[PDB]
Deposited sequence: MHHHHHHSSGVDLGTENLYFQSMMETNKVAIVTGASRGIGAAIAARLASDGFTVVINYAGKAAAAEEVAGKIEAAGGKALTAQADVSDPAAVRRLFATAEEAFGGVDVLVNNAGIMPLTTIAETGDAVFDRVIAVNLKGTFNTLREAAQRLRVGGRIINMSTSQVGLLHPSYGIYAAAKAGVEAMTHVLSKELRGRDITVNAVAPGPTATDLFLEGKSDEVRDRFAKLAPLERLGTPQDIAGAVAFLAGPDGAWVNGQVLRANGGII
């Protein structure tokens, strides 16, 4: 069983579904994704920024515990530092930073052994372009928490890893040395790997999925 907060988020839920995960989709479309997942032979609102507890109980109710979580839930306004309102700011923090922290806090306590946790960052943390400051600053915090979390979860056979996709007219396709555009499927594949059996030994890492932009 896998909870999936937060396109990319859809792809992820679907893929895990295909893989064999009962996916507790999470919004704050959702039906749509759930319908396809069931139509396809596969098998909950909450603002990640309290609710987070109900969300976990929700599923331990239905399926009897959680084995995987994927913190896709995030928002990305784009302001320079000089022109960033306290409102723009605390929101970006609340959603991305606190949200993750919140679910990580719960996952910290609930998750079954053999588990997998996979946060969603951004190759902008590395690229640190103008106006991605706040966004990058926020996701940066997530990366650090991914690292610390993984050692903090010692002895409970759980892994914590992040995934920083890149962008996902044509010049943006030619940005990657691969000279095409990232698909939400590309990222889902990455996530699928960590949550898969081939990702069992990868732990406390930031996997950039960007087709070679950095």
### Message
Need the unmodelled segments of the deposited chain, numbered from 1, in order.
### Response
1-28, 35-37, 60-63, 79-81, 88-89, 209-221
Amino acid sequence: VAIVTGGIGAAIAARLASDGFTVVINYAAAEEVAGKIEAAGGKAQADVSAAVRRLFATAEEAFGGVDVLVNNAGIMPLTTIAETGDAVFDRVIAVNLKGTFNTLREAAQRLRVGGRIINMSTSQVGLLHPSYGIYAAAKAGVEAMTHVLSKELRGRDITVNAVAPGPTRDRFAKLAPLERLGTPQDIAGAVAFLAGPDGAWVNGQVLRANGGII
From here on, numbers count along this sequence of modelled residues.
## Note on the structure
Going by the entry, of stretches 83-91 and 138-146 the one with greater average Cα B-factor is 83-91
### Summary
When mean C-alpha B-factors in the record are compared for 122-130 and 101-109, the larger belongs to 101-109
### Message
Just to confirm, going by the entry's C-alpha B-factors, which of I187, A162, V70, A28 comes out highest?
### Response
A28
### Query
If you compare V23, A195, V202, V206, which has the highest Cα B-factor in the entry?
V23
### Query
Lowest, middle or highest third: where is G166 by Cα B-factor in its chain?
lowest
### Task
Give the position of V4 by CA B-factor within its chain, expressed as the lowest, middle or highest third.
middle
### Query
For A44, does the deposited CA B-factor place it in the lowest, middle or highest third of the chain?
highest
### Task
Taking the chain's C-alpha temperature factors as the reference, tell me which third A176 falls into: lowest, middle or highest.
lowest
